[PDB]
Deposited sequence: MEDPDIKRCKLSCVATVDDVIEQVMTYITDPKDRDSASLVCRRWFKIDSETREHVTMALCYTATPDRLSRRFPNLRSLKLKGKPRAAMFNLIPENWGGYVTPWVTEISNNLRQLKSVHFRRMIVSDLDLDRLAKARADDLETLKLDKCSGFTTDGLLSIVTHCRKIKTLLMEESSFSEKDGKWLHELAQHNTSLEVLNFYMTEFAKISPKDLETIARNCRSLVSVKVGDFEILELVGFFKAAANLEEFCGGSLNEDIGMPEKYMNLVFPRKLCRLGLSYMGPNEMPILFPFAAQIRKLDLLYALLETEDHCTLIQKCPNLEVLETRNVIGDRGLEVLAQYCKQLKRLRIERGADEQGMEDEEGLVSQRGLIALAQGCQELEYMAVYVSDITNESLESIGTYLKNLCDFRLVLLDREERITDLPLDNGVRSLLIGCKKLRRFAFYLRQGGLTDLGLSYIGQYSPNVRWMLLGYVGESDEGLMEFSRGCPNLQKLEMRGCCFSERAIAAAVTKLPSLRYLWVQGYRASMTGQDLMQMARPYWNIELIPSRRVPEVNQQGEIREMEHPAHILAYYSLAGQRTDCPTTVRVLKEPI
């Protein structure tokens, strides 16, 4: 019995440290701690797969239980990135097949997934694979799906949301129906499936007692009544298709929705069918009227009925009027997204504009807001001040102002941005997309100066000259990822700002004063710094994408993508 050290107890304690940022530190106190973290780390996420070799990952964390890889830049979600850009997942699955023999959950995000590489996954990991998330991926088919549902007999969560694949049949769903029991969450929310049987979906609901969430394609809701009755423990449902014919005015008034259902969004839902929600609106906590066919007035009447709503996603049709309703009925609101609707034939009505009015109304009512993303048709410095004044635990704030409107009340937002950034000091992600006059170099530097916590920024049309970008660059202590498009800065100005930024590890840019030389970008050449130049897919000016990588320049570039390498 000698005095007991930490070293006598650390292997045990380490497994109680859950925070990814504390494991980070802990791995760095010494060689022993590093090894212990290495052999106990359960989940890792790579924000950019090209950042390291799959070898390096398996060597560092041999006993991962969960992995998550992201590929294509965020811009890809906007048909800005070429389809062939890369993000291929195969090297990663041959590595999983061979060295991550403990893996029970895989999440691919914005990646290329082939039938082969998922057949490989399925066989390699089989019964052990509890969860698989094909999140916004492409390049596979139903054969792939069929392969993972037959070999991975114990899948608890299976997801394809917004993924695109080739649909050759429906046997994958049916194979789930006939043999799966463990299913807890099933998700093909933004997907064109035309060959799967609602019957199978119902027979799955019957057999999976722990089925909590399911999101789905353009199924006719009526075809799902069998389903809903059977899905007792269902808490979330999004998707489906409400199709009204005139021949039935009460087509949908006899809907059994599962009793616990509290997170939902019915697609195409009009004002006529909207009422089927009233019977239990008190209970609804998440609402997805993103793909709903109801107008500004109809919004107010529904929102007004859901006092316990904490998440709401809708189009700008919600209107200022809608935002005002939200303002005093839903005080517990934590996340709000207002995507932009049909900006073609008028708005979607004459109240389908959000403005200073709505924002400042919202800022006063829903003070518990943590996430706010909004496409606005008009702002005022005042509104941003009220934001930064009332809602303190805002972590994620994104604002984009539409070019629809010709004159914007008061434009240079320098002083509004500032009070906002100063009031919400919990802010980690921040996006600000304007029109040209939107922000002066003075304001831009205000952003650098007052965003100590922000790791990610998406910047719109900020600044007036490179003076602004430089002023900006002397700030942003913790900026890691920077995305800017539609800016007036020059190559050497960018390259310079990159050098000044301490924390930056990922840079994407579209639109900048170029030079045939190309050589001005070069003045940011560091070791481990990869820079790439891009076109565009689904007039599109050059993209710059640069990131740190321990791996070197990728092998798998398309023809459309150029890798800069000192003097050519």
task: Extract from the deposited sequence all ranges with no corresponding C-alpha coordinates, numbering residues from 1.
output: 1-11, 550-562
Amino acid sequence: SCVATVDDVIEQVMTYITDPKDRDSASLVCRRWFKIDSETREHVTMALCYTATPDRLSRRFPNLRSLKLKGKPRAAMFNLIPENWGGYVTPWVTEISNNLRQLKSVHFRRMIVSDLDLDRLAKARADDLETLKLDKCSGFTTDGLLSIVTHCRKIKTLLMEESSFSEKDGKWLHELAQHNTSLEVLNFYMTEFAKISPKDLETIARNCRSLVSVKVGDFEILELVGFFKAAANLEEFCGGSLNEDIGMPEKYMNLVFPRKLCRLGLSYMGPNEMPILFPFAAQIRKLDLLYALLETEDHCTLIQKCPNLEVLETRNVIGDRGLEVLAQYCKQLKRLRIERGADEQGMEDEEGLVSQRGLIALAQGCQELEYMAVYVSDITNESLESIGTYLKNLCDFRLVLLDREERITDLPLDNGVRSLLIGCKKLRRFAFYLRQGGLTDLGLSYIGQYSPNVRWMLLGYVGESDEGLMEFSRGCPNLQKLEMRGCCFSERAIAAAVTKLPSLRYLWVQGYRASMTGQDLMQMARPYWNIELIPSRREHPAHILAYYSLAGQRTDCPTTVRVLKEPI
From here on, numbers count along this sequence of modelled residues.
message: Regarding 511-519 and 526-534, which shows the higher C-alpha temperature factor on average in the entry?
response: 511-519
field: Residue stretch of maximal mean CA temperature factor, 415-423 vs 478-486
entry: 415-423
field: Residue with highest C-alpha B-factor in the PDB entry, from 350, 235, 115, 313
entry: 350
task: From the list 144, 365, 170, 86, select the residue with the highest C-alpha B factor recorded in the entry.
output: 365
field: residue 395, C-alpha B-factor rank within chain (lowest, middle or highest third)
entry: middle
message: Please say which third, lowest, middle or highest, residue 125 falls into when its CA temperature factor is compared across its chain.
response: lowest
Relative C-alpha B-factor of residue 339, binned into the chain's lowest, middle or highest third: middle
task: Sort the modelled residues of this chain by their C-alpha B factor and say whether residue 75 lands in the lowest, middle or highest third.
output: middle
field: residue 28 - Cα temperature factor, lowest/middle/highest third of chain
entry: middle
